[PDB]
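This is the structure I have questions about; it appears just below.
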There are 2 protein chains.
Amino acid sequence: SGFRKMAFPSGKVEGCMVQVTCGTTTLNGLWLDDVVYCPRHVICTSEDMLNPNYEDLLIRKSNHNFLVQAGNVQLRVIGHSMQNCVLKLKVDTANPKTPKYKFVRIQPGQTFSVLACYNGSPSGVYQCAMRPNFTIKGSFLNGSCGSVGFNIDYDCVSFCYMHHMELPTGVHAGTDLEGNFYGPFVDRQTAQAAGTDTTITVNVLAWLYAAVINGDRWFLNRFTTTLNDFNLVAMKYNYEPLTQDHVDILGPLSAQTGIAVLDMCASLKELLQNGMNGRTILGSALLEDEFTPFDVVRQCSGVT
Amino acid sequence: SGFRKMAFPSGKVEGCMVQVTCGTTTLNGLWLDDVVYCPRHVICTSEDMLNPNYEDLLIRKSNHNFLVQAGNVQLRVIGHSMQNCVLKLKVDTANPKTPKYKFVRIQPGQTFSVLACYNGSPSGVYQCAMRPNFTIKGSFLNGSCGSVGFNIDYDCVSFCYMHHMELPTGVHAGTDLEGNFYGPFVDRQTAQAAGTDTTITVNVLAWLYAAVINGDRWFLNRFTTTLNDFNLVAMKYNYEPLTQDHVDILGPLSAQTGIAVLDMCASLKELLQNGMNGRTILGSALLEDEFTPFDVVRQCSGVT
Ligand SMILES: *CC(=O)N1CCN(Cc2cc(O)cc(Cl)c2)CC1
Ligand SMILES: *CC(=O)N1CCN(Cc2cc(O)cc(Cl)c2)CC1
């Protein structure tokens, strides 16, 4: 028992982290096979950040300008190209520590682990979610760009995020491993609107199921609701509307606990309308929304 | 910016995890050099758990009874011994993935990362603290025993915890890597009292400093207090008494933010007496106490 915000073991990703330097700029890269992936803003100076012409800036750069170091050994750059907002640096050596991997573009509401790195060296690992407004609430300082978000299925690492930017609001923006930003964000120092950060309803419900499984049951009530009645409450509190797909995905948790999805929705409705009244659920005084139904099942069953 | 419950990169520890089987029991072991460390309750059957005579049970076990597997390869057991509540299985092969390591017995209030494992395979990593009542609030299912807690200083892994037990209250107990339990707990299926779980005052204050650094400043007030005045409030709310050593350890955070330790104590005093009033601090609606002053400095500076 016990329920924690748990990240994937980071070993398979640590072995892929390299340091990329271009001119006077240093950030992290991801070394998979004979390719190093990094944010294209590595070619920028602080002067050209208001509106950089990445194509024009990259013309002035040659293979020998990209200094790639894995630990204390230098990788030889034999090719370079820009794919959307990422640079792909072809090196002469395949990473011997390359795990089985995939590049995946996650859906808002899905979770992933982040291995925060600086100068190609890992500092820590934490679990987070792609918010409905396509931002992430991470922990990234200067030099952390190029740090990646990933998921692990048995032995396969699915890379889903690469860190590129911090908005003036302290939230984070970045791309998938094809260089496409999540959301409307651009790799430019400009006014960028982070939209309404809505709560991931299906994840909150999954976390309520995890709470019941691990003993916290104070919030269970004698009530039920309908999808349409619940969604009127969810709209009022900036929660994502709950769909039948969401009810279906909560099916295994409903089967395990014997608590119908709509009964759990009525518990959530009362929690939204009345608050926790000074009580806690799984050590939290607020409704947690960064655990998917898959995460709850995984943690409650012990999948390795 | 941004502040997260961050665990150490787990790679150095993943490479040490093995599966240990004795008779019909399977749990995790830690392979360092030519020694495998695991909870001694691996020699127990469910029948002998109310009051096991570990010395008598171990007499019936020979080297060939301890099946140790690293991935899919079998380690040859050439020696076995019991040190307190851990078994040390001498193998014929030094772990090639042994990092630089130390065995340390942590103080209550200190934090560490846990690499939850099952059948010698890592499932996830999370950050936690040794509570003042010597328990940890982890996430451990059947088969997770032998999973370790550790800290990392640059390249050296300081192992501090080995998981052994779950109390009927859902909290966790275990030992250091010499086999000595933290707290009064015994590896026996008996009524074991988890004492008063007090809040780690110095950690809450460090987290308040992290909040100010990362923008959350609503809780700052026009007041100050004294150590003795603050401690009257801390006693009332089951907080650990704050000592001058604690004030000294918060010194670098006080220097960085320009907020004197006693002024931050008055902010904490008002938060204790009045609550958050429906507001949050670093995405939390309760006062967080599992970040040491060292953790805050590390995360706010980017130490790898
Ligand atoms: C994440 C990181 O290491 N960095 C982000 C800040 N710098 C790059 C940058 C600057 C800027 O004004 C806008 C954008 Cl999109 C990126 C340094 C690297
Ligand atoms: C953590 C884990 O894998 N296990 C804990 C529960 N079993 C061992 C056990 C049983 C018991 O009644 C008391 C104690 Cl101290 C340990 C299985 C292994």
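Shown for chain A, in order and in Swiss-Prot numbering: 3264-3567.
Just so it is clear, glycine is given a Cβ too, placed from its N, Cα and C backbone atoms.
Per Swiss-Prot, active site, for 3CL-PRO activity is recorded for A:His3304, and the stated evidence type is sequence analysis. Per Swiss-Prot, the feature active site, nucleophile maps to A:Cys3408. The feature ubiquitin cross-link is assigned by Swiss-Prot to A:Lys3268, A:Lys3353.
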A:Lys3268 (ubiquitin cross-link): which of the recorded positions A:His3304, A:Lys3353, A:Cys3408 is the nearest Cα neighbour?
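Result: the closest of the recorded positions to A:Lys3268 (ubiquitin cross-link) is A:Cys3408.
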Just counting, how many other CB atoms are there within 10 A of the CB of A:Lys3268 (ubiquitin cross-link)?
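For A:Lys3268 (ubiquitin cross-link), the 10 Å Cβ neighbour count is 23.
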Just counting, how many other CB atoms are there within 10 A of the CB of A:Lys3353 (ubiquitin cross-link)?
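Within a 10 Å radius of the Cβ of A:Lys3353 (ubiquitin cross-link) lie 16 other Cβ atoms.
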In sequence order, which residues at least six apart in the same chain have a CB under 8 Å from the CB of the residue listed as 'active site, nucleophile'?
A:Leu3290, A:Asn3291, A:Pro3302, A:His3304, A:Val3305, A:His3426, A:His3427, A:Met3428
Give the helix, strand or coil assignment DSSP yields for the residue listed as 'active site, nucleophile'.
coil
Recorded positions A:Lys3268, A:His3304, A:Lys3353, A:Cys3408: which sit with Cβ under 8 Å of a chain B Cβ?
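Filtering A:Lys3268, A:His3304, A:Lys3353, A:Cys3408 for a Cβ under 8 Å from chain B leaves A:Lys3268.
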Can you tell me which of these recorded positions sit near ligand 1, meaning the Cβ is under 6 Å from at least one of its atoms: A:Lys3268, A:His3304, A:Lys3353, A:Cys3408?
A:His3304, A:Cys3408
What is the number of other Cβ atoms found within 10 Å of the Cβ of A:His3304 (active site, for 3CL-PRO activity)?
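24, counting other Cβ atoms within 10 Å of A:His3304 (active site, for 3CL-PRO activity).
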In the three-state scheme derived from DSSP, which category covers A:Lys3353 (ubiquitin cross-link)?
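It is in a strand.
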According to DSSP, which of helix, strand or coil covers the residue listed as 'active site, for 3CL-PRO activity'?
helix
